[PDB]
Amino acid sequence: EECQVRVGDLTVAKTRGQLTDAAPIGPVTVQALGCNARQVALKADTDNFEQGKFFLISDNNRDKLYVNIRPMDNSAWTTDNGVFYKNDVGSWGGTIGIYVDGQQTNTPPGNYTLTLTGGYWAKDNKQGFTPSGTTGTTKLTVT
């Protein structure tokens with residue numbers, strides 16, 4: 001199945017200190033076409049994806065802090081640092097959010113760039129992921 005996922009580019013001003021571990025301040029409206037028997041998994045792009053870890057990286061790469069793209073409230077997903085996929089199979093179409101992992105710090109920031117590549121997933125941990133749909137660039141400015 002070809003999972004067409006709608007990932008919205010979200011440029012909005014927040015603090016990473018306001019991110020108190022479990023605080024969704026980047027609710028991405030993800031709509032997934034199909035996926036009837038498929039898991040949906042998110043991946044970060046080269047900007048904030050190092051080998052298999054995603055985080056909030058600054059426009060000037062001054063600070064990096066790991067986050068989790070976890071569903072706001074609708075289901076449970078298997079959290080990996082490289083991919084985020086539900087154990088469920090089917091069209092998910094809902095809202096996930098950026099939660100900072102354990103509230104890092106928030107070191108005097110400015111602009112943050114976390115490009116999120118949409119796609120589906122077809123196995124478990126072995127990285128059976130396929131980039132599909134739209135790549136949404138979540139931009140986290142502090143103001």
# chains A, B, ... in the order shown; residues from 1 in each chain; ligands from 1
$ closest_atom_pairs --of "stretch 19-107 of chain A" --to "stretch 124-134 of chain A" --cutoff "12 Å" --atoms "only C-alpha atoms" --output "CSV"
residue,atom,partner,partner_atom,distance
A:29,CA,A:134,CA,12.0
A:30,CA,A:134,CA,10.0
A:31,CA,A:133,CA,9.6
A:32,CA,A:133,CA,8.5
A:33,CA,A:133,CA,9.1
A:34,CA,A:133,CA,11.7
A:35,CA,A:132,CA,11.4
A:38,CA,A:129,CA,10.7
A:39,CA,A:129,CA,9.3
A:40,CA,A:129,CA,8.7
A:41,CA,A:129,CA,7.0
A:42,CA,A:131,CA,8.4
A:43,CA,A:131,CA,8.0
A:44,CA,A:131,CA,10.2
A:45,CA,A:131,CA,10.2
A:51,CA,A:127,CA,11.3
A:52,CA,A:127,CA,9.3
A:78,CA,A:124,CA,9.5
A:79,CA,A:125,CA,10.1
A:80,CA,A:125,CA,8.0
A:81,CA,A:125,CA,10.6
A:82,CA,A:127,CA,8.7
A:83,CA,A:127,CA,7.8
A:84,CA,A:125,CA,9.9
A:85,CA,A:124,CA,9.0
A:86,CA,A:124,CA,10.2
A:87,CA,A:124,CA,8.9
A:88,CA,A:124,CA,11.8
$ residues_around --residues "residue A:142" --least-positions-apart "6" --cutoff "9 Å" --atoms "only C-alpha atoms" --output "list in words"
residues 12, 13, 14, 15, 16, 108, 109, 110, 111 and 112 of chain A
$ write_last_selection --atoms "N, CA, C and O atoms" --output "PDB file, in the first residue's frame"
ATOM      1  N   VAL A  12       6.286  28.129  14.031  1.00  0.00           N
ATOM      2  CA  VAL A  12       5.596  28.780  15.146  1.00  0.00           C
ATOM      3  C   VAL A  12       6.585  28.993  16.291  1.00  0.00           C
ATOM      4  O   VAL A  12       7.500  28.185  16.473  1.00  0.00           O
ATOM      5  N   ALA A  13       6.391  30.055  17.064  1.00  0.00           N
ATOM      6  CA  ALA A  13       7.322  30.412  18.128  1.00  0.00           C
ATOM      7  C   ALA A  13       6.959  29.757  19.465  1.00  0.00           C
ATOM      8  O   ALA A  13       5.857  29.951  19.985  1.00  0.00           O
ATOM      9  N   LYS A  14       7.893  28.972  20.010  1.00  0.00           N
ATOM     10  CA  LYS A  14       7.748  28.409  21.354  1.00  0.00           C
ATOM     11  C   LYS A  14       9.095  28.372  22.061  1.00  0.00           C
ATOM     12  O   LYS A  14      10.132  28.698  21.475  1.00  0.00           O
ATOM     13  N   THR A  15       9.069  27.957  23.317  1.00  0.00           N
ATOM     14  CA  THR A  15      10.274  27.685  24.075  1.00  0.00           C
ATOM     15  C   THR A  15      10.400  26.187  24.336  1.00  0.00           C
ATOM     16  O   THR A  15       9.397  25.487  24.446  1.00  0.00           O
ATOM     17  N   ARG A  16      11.630  25.694  24.441  1.00  0.00           N
ATOM     18  CA  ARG A  16      11.849  24.270  24.674  1.00  0.00           C
ATOM     19  C   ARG A  16      11.807  23.992  26.165  1.00  0.00           C
ATOM     20  O   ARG A  16      11.915  22.848  26.603  1.00  0.00           O
ATOM     21  N   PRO A 108      19.293  29.397  25.486  1.00  0.00           N
ATOM     22  CA  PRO A 108      18.958  30.624  24.753  1.00  0.00           C
ATOM     23  C   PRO A 108      18.956  30.466  23.230  1.00  0.00           C
ATOM     24  O   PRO A 108      19.976  30.655  22.560  1.00  0.00           O
ATOM     25  N   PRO A 109      17.791  30.073  22.689  1.00  0.00           N
ATOM     26  CA  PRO A 109      17.625  29.700  21.290  1.00  0.00           C
ATOM     27  C   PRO A 109      17.372  30.876  20.359  1.00  0.00           C
ATOM     28  O   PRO A 109      17.694  32.024  20.659  1.00  0.00           O
ATOM     29  N   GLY A 110      16.775  30.553  19.223  1.00  0.00           N
ATOM     30  CA  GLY A 110      16.469  31.530  18.208  1.00  0.00           C
ATOM     31  C   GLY A 110      15.560  30.919  17.170  1.00  0.00           C
ATOM     32  O   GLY A 110      14.341  31.074  17.234  1.00  0.00           O
ATOM     33  N   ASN A 111      16.149  30.177  16.247  1.00  0.00           N
ATOM     34  CA  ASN A 111      15.380  29.451  15.247  1.00  0.00           C
ATOM     35  C   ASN A 111      15.789  27.982  15.253  1.00  0.00           C
ATOM     36  O   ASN A 111      16.975  27.662  15.377  1.00  0.00           O
ATOM     37  N   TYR A 112      14.809  27.097  15.162  1.00  0.00           N
ATOM     38  CA  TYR A 112      15.051  25.660  15.139  1.00  0.00           C
ATOM     39  C   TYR A 112      14.401  25.035  13.913  1.00  0.00           C
ATOM     40  O   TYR A 112      13.303  25.421  13.520  1.00  0.00           O
TER      41      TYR A 112
END
$ select_by_dssp --residues "chain A" --states "strand (DSSP E)" --output "number ranges by chain"
A: 4-6, 11-13, 28-33, 39-44, 55-58, 64-71, 77-79, 83-86, 94-100, 111-121, 129-141
$ closest_residue --among "A:122, A:116, A:19, A:76" --to "residue A:53" --atoms "only C-alpha atoms"
A:116
$ closest_residue --among "A:10, A:37, A:65, A:3" --to "residue A:139" --atoms "only C-alpha atoms"
A:10
$ residues_around --residues "residue A:46" --least-positions-apart "6" --cutoff "12 Å" --atoms "only C-alpha atoms" --output "PyMOL selection string"
chain A and resi 52-57+82+113-117+135+137
$ write_last_selection --atoms "C-alpha atoms" --output "PDB file, in the first residue's frame"
ATOM      1  CA  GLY A  52      18.540   7.112  13.475  1.00  0.00           C
ATOM      2  CA  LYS A  53      17.859   9.804  16.039  1.00  0.00           C
ATOM      3  CA  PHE A  54      15.633  12.858  15.691  1.00  0.00           C
ATOM      4  CA  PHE A  55      15.800  16.072  17.680  1.00  0.00           C
ATOM      5  CA  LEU A  56      15.332  19.822  17.573  1.00  0.00           C
ATOM      6  CA  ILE A  57      18.336  21.317  15.815  1.00  0.00           C
ATOM      7  CA  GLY A  82      14.599   7.368  14.357  1.00  0.00           C
ATOM      8  CA  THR A 113      14.607  23.428  12.114  1.00  0.00           C
ATOM      9  CA  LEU A 114      13.154  19.947  12.384  1.00  0.00           C
ATOM     10  CA  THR A 115      12.241  18.664   8.942  1.00  0.00           C
ATOM     11  CA  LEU A 116       9.903  15.689   9.273  1.00  0.00           C
ATOM     12  CA  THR A 117       9.627  13.227   6.414  1.00  0.00           C
ATOM     13  CA  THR A 135       7.864  16.284   3.910  1.00  0.00           C
ATOM     14  CA  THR A 137       9.314  21.255   7.841  1.00  0.00           C
TER      15      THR A 137
END
$ residues_around --residues "residue A:99" --least-positions-apart "5" --cutoff "9 Å" --atoms "only C-alpha atoms" --output "PyMOL selection string"
chain A and resi 19-26+66-70
$ write_last_selection --atoms "C-alpha atoms" --output "compact mmCIF listing (two decimals), in the first residue's frame"
# COMPACT_ATOMS: atom_id res chain seq x y z
CA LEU A 19 8.18 21.80 26.45
CA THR A 20 8.00 20.00 29.78
CA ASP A 21 8.59 16.49 28.47
CA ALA A 22 4.95 15.72 27.74
CA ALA A 23 3.83 18.96 26.11
CA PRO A 24 2.57 18.84 22.49
CA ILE A 25 3.24 22.29 21.05
CA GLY A 26 3.65 21.04 17.51
CA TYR A 66 15.86 15.06 21.31
CA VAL A 67 12.08 15.00 20.93
CA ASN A 68 9.36 12.46 20.30
CA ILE A 69 6.59 12.79 17.73
CA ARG A 70 3.91 11.28 19.89
$ atom_distance --atom1 "atom CA of residue A:48" --atom2 "atom CA of residue A:8"
16.9 Å
